[PDB]
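Take a look at the structure set out below.
Numbered from 1 within each chain, the chains take letters A, B, ... in sequence-line order.
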There are 2 protein chains.
Amino acid sequence: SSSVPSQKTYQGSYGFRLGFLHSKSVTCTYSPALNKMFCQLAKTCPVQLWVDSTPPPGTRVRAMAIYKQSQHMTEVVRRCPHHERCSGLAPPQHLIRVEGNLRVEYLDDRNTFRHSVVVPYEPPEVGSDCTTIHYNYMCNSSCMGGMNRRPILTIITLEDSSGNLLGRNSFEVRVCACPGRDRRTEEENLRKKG
Amino acid sequence: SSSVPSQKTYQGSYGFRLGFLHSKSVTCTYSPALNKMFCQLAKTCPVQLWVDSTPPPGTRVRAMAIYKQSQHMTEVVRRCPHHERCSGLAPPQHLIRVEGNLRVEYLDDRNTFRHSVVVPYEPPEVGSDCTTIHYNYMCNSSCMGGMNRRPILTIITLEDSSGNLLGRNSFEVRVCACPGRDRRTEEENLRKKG
DNA sequence: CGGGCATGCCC
DNA sequence: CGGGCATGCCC
Ligand SMILES: *C[C@@H]1C(=O)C2CCN1CC2
Ligand SMILES: *C[C@@H]1C(=O)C2CCN1CC2
Ligand SMILES: *C[C@@H]1C(=O)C2CCN1CC2
Ligand SMILES: *C[C@@H]1C(=O)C2CCN1CC2
Ligand SMILES: *C[C@H]1C(=O)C2CCN1CC2
Ligand SMILES: *C[C@H]1C(=O)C2CCN1CC2
Ligand SMILES: [Zn+2]
Ligand SMILES: [Zn+2]
């Protein structure tokens with residue numbers, strides 16, 4: 001009955017976890033202490049999928065944004081009117097895109113109105129321990145009429161072809177002009193005032 | 001042949017001049033030194049019309065915004081996509097509105113695509129030396145996808161019913177959250193660095 | 001590139 | 001209300 005998707009971590013029977021590459025001026029950088037990705041708008045944000053056990057054929061990987069703060073959780077995260085107007089398969093209203101994938105699907109939920117982007121799950125290549133997806137966030141966190149400075153979480157779910165939830169993980173995202181500066185600022189704030 | 005309207009002051013045979021009331025946190029304030037109005041979005045910005053001689057019946061008062069800097073003069077000044085979407089008679093794309101007037105006309109030029117807003121000229125009441133029009137600016141100067149931090153001029157023209165230009169005056173506008181702060185900052189910059 | 005201005009807003 | 005943070009950007 002809820003229109004707010006769960007953000008509860010569920011690593012599940014397949015041992016599903018997210019991973020991030022190690023990285024002022026940088027195009028993205030991930031803070032383990034904050035569980036937070038800092039990245040630039042319309043630029044590659046790699047996310048690694050790690051599993052202990054192999055998902056069944058036909059498993060799908062869904063990404064969805066939700067506002068982090070309780071006061072905004074019920075509002076659908078959308079692209080701002082400016083970036084919606086300056087717009088391949090991604091509807092211009094969608095914040096999150098996937099690049100480099102020929103089987104991407106963009107979904108608008110008939111009941112909750114929430115946007116999500118889905119690609120097939122593929123196991124890592126021989127010798128690799130993870131699968132990397134290239135996400136793109138098409139607005140800054142600050143965009144007026146869109147996220148409007150409100151932090152979001154990205155929720156990544158592993159789902160089988162039948163719709164069973166196999167795993168769920170989430171990370172906070174700040175899309176900003178200066179990821180390196182802002183990560184250092186927030187980590188210092190955590191140490192000094194958190 | 002030009003699509004850029006003239007901004008040249010032409011006080012003309014009727015002795016046409018603009019006037020402004022004397023005024024942090026203030027909703028508007030005019031700087032004589034800068035010939036610049038500082039005002040808040042969607043709030044009253046009174047402009048006084050002064051003439052030495054009485055215009056003929058059917059005279060009209062037109063207001064139009066142009067970008068002040070040479071690099072942007074040829075671009076039409078428009079409302080940003082966010083404020084256009086969150087919108088009486090004024091088309092949502094128009095930056096400048098007039099409130100309190102039952103004969104307001106909003107014009108989109110067929111050839112130059114520029115927006116303007118027009119009201120009839122009315123002489124001052126007995127004992128008064130000027131006529132006041134209440135303008136509203138529907139975006140901040142900073143609005144992304146609109147003025148985008150670029151200064152504008154407002155051009156006020158007195159035109160007879162036949163289309164003759166009787167007078168022209170202009171003033172710079174900064175639409176901003178804190179007119180009093182920003183006026184003091186710019187006037188200090190003028191004294192120290194201008 | 002990094003230093004520092006910008007400017008709506010602080011929940 | 002004013003002090004000062006915010007955060008894309010400096011032409
Ligand atoms: C955004 C990511 C990173 O974390 C670094 C810098 C750019 N990409 C790949 C490596
Ligand atoms: C998660 C794995 C690794 O450890 C490296 C970088 C990303 N994938 C493939 C090789
Ligand atoms: C915006 C104008 C002014 O200059 C002062 C303050 C509010 N209005 C009327 C007087
Ligand atoms: C321009 C005139 C004045 O001097 C005062 C204020 C505005 N109008 C009417 C009275
Ligand atoms: C973040 C900051 C930088 O380091 C360069 C890119 C964006 N911004 C301006 C220059
Ligand atoms: C300009 C500044 C003020 O003085 C109040 C109104 C807008 N802004 C925040 C509070
Ligand atoms: Zn945006
Ligand atoms: Zn606007």
* Which nucleotide in D/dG2, C/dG8, D/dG8 has an atom nearest any side-chain atom of B/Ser25 -> D/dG2
* Structure fact -> Here the distance between atom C1' of C/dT7 and atom CD of B/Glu186, to the nearest Å, is 12 Å
* Structure fact -> Re D/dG3: Watson-Crick or G-U wobble partner, both distances kept under 3.5 Å, found to be C/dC10
* With B/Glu75 via salt bridge (charged side-chain N to carboxylate O under 4.0 Å, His left out) - residues at least two apart -> B/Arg150
* To do: Starting at atom CZ of B/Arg183, determine the distance to atom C1' of C/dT7, rounded to an integer number of angstrom.
  => 19 Å
* To do: For A/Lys24 and D/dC9, give me the distance from atom NZ to atom P, rounded to whole Å.
  => 13 Å
* **Side-chain (B/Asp160) to main-chain (B/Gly163) donor-acceptor, under 3.5 angstrom** => yes
* Side chain of B/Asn164, backbone of B/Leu166: donor and acceptor closer than 3.5 Å? -> no
* Asked: Nearest-Å distance, CZ (A/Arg149) to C1' (C/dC10)?
  -> 9 Å
* To do: Rounded to the nearest angstrom, tell me the gap between atom CE in A/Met147 and atom P in C/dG8.
  => 20 Å
* Asked: Quick one: is D/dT7 close enough that its OP1 or OP2 comes under 4.0 Å of any side-chain N or O from A/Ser142?
  -> no
* Between A/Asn169 and A/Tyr10, does any side-chain donor sit less than 3.5 Å from a side-chain acceptor? -> no
* Length of the line joining A/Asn148:CG and D/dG8:P, which is rounded to integer Å -> 12 Å
* Asked: Can you list the steps and then say if B/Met147 with B/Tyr137 is a side-chain contact (heavy atoms from CB on, under 4.5 Å)?
  -> CA-CA 11 Å; B/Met147 288 181 282; B/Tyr137 295 86; over 6 Å; no
* Structure fact -> With sequence neighbours left out, the residues meeting side chain to side chain donor-acceptor pair (under 3.5 Å) with B/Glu159 are B/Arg62, B/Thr157
* **Short side-chain N/O contact from B/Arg181 to OP1 or OP2 of D/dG3, under 4.0 Å** => no
* Counting only non-hydrogen atoms, which of residues 72-81 of chain A are less than 4.0 Å from DNA chain C? -> none
* Give B/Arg174 one of three labels, base, sugar-phosphate or nothing, depending on what nucleic acid heavy atoms sit under 4.0 Å from its own. => sugar-phosphate
* To do: In plain terms, say whether B/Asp52 and B/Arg17 are close enough for a salt bridge, that is, a side-chain N and a carboxylate O under 4.0 Å apart.
  => yes
* Structure fact -> B/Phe38 atom CZ is separated from C/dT7 atom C1', nearest whole Å, by 13 Å
* To do: Could you state the atom-to-atom distance from NZ of B/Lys43 to P of C/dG8 in whole Å?
  => 12 Å
